[PDB]
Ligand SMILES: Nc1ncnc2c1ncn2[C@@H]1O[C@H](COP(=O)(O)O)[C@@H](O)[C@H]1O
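Next up: just one chain, as structure tokens, the form solved without ligand AMP.
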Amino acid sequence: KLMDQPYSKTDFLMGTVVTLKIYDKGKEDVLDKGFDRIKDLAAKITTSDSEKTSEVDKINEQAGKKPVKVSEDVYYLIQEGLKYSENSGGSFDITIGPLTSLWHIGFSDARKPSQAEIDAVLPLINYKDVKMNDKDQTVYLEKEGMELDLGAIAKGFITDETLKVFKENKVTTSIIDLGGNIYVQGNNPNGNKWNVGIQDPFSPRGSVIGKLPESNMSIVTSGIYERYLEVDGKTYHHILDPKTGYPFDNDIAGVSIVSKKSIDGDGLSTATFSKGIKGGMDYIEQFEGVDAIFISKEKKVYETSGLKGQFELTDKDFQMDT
């Protein structure tokens, strides 16, 4: 029924290595159904495509001109993005596109823009200027020059949509790894909870400071070195402040947000990160069913109340703290 050695499939999509693993015997073809669904969604959502076929590219091209018809998946993701933007501190806005386009952090052409370039795009960022029409399933950016960027919640949504394809196909036991988003379904076939690696924010992706046992759970990782630009001594990470055009800089090196849904982990990441360690920990403590591990720039590790005594530290360069 459950195999020790899973069916596995790896691809490089959305600038990340993506691995799916299914441990249910006779479910090998679901790997392709999962990757079909991931590729379908990425093509609709991405603003990183030369070809400009994406639904989000089409919305952006018609900013201030006319509403754009979108599929149900894109309309839903924008509806969810606007909710996360509203709920955030003024810290998360899906209309941050004109600023994230300018820096292009994590692309070969990433650049620190001039203050004059930043000042030209700050007035274009306002999630309240996205007009949704449910009846027509249209999205309208109300001013010329506005741009959506769904990159901060796209992998979370796509992770939740892959799980949905797994469950439709009666998959019980699997790991969905989209880079900074992991979902662990069921338990290890040996009957233990899955041991999820907590990212070392000071090291390349897949380096870990310890393990958190989990079943049926999302872990979403954010970090100061996950996607950054190094210029002239200094580091500019990708979590930009929409009010200033510069990165949020505080005592956080990394956060791992634990929740039932990957899109909520993504959806809360920016707001949480913007508040620093004490403020971010206070913030996660307001959400039922959400916990986090925070790692400071001084290599201290904090758990929120729902994870007390659950994280297993395996890196002696780090110290548990309260």
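Residue positions are given as counts along the sequence shown, with the first one as 1. The term rigid core refers to the most C-alpha atoms you can superpose between the two forms while keeping them within 1.5 Å.
*Asks:* Relative to the presented form, and with the rigid core used for superposition, do the C-alpha atoms of 147-155 or of 224-232 deviate more in 4 other deposited structures of this protein?
*Replies:* Stretch with the higher C-alpha RMS distance in 4 other deposited structures of this protein: 224-232.
*Asks:* Once everything is fitted on the core, do the CA positions of 134-142 or those of 86-94 lie farther from the shown form in 4 other deposited structures of this protein?
*Replies:* With the rigid core fitted, 86-94 is the stretch that strays more in 4 other deposited structures of this protein.
*Asks:* Using only the Cα atoms and their B-factors as the entry lists them, report which of 23-31 and 287-295 averages higher.
*Replies:* Looking at the recorded C-alpha B-factors, 23-31 comes out higher on average.
*Asks:* Which of the two stretches, 228-236 or 84-92, shows the higher mean Cα temperature factor in the record?
*Replies:* For C-alpha atoms only, the mean B-factor is higher in 228-236.
*Asks:* Quick one: which of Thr138, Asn195, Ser114, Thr100 shows the highest Cα temperature factor in the PDB entry?
*Replies:* Of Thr138, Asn195, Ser114, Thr100, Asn195 has the highest C-alpha B-factor.
*Asks:* Going by the deposited entry, which of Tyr127, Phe157, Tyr246, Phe202 has the highest CA temperature factor?
*Replies:* Highest C-alpha B-factor among the listed options: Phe202.
*Asks:* Report the third (lowest, middle or highest) to which the CA temperature factor of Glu161 belongs, ranking only the modelled residues of the same chain.
*Replies:* Tercile = lowest for this residue's CA B-factor.
*Asks:* Can you work out whether the C-alpha temperature factor of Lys66 puts it in the lowest, middle or highest third of the chain?
*Replies:* Highest third - that is where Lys66 ends up once the chain's C-alpha B-factors are sorted.
*Asks:* For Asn187, does the deposited CA B-factor place it in the lowest, middle or highest third of the chain?
*Replies:* Its C-alpha B-factor, which the entry lists for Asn187, ranks in the highest third among residues of this chain.
*Asks:* Using the B-factors in the PDB entry, rank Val301's C-alpha atom against the chain and give the third, lowest, middle or highest.
*Replies:* Its C-alpha B-factor, which the entry lists for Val301, ranks in the middle third among residues of this chain.
*Asks:* Sorting by Cα B-factor within the chain, modelled residues only, which third would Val220 end up in: lowest, middle or highest?
*Replies:* Within its chain, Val220 is a lowest-third residue by C-alpha B-factor, going by the deposited values.
What comes next is about the form deposited with ligand AMP bound, which does not appear here.
*Asks:* So which of 210-218, 68-76, 109-117, 237-245 is the stretch with heavy atoms within 4.5 Å of ligand AMP in the entry with it bound?
*Replies:* The contacting stretch is 237-245.
*Asks:* Only one of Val171, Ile96, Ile198, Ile182 has a non-hydrogen atom within 4.5 angstroms of ligand AMP in the entry with it bound; which is it?
*Replies:* For this set of options, the contacting one is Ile96.
*Asks:* If you check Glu147, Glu226, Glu80, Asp160 against ligand AMP in the entry with it bound, which one has a heavy atom within 4.5 Å?
*Replies:* Exactly one listed residue reaches within 4.5 Å, namely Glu226.
*Asks:* Consider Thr270 of the chain shown here, and say whether it contacts ligand AMP in the entry with it bound, taking contact as heavy atoms within 4.5 Å.
*Replies:* Output for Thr270 is yes: heavy atoms within 4.5 Å of ligand AMP.
*Asks:* Looking at the partner-bound form in the entry with it bound, is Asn250 within 4.5 Å of ligand AMP by any heavy atom?
*Replies:* It does not: once ligand AMP is placed as it appears in the entry with it bound, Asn250 has no heavy atom within 4.5 Å of it.
*Asks:* Does ligand AMP come within 4.5 Å of any heavy atom of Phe166 in the entry with it bound?
*Replies:* No - in the entry with it bound, heavy atoms of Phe166 and ligand AMP never come within 4.5 Å of each other.
*Asks:* Even though ligand AMP is not shown here, does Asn188 get within 4.5 Å of it in the entry with it bound, heavy atoms only?
*Replies:* Looking in the entry with it bound, residue contacts with ligand AMP do not include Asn188, since no heavy atom lies within 4.5 Å.
*Asks:* Quick one: which residues from 185-222 get a non-hydrogen atom within 4.5 Å of ligand AMP in the entry with it bound?
*Replies:* Result: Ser222 alone.
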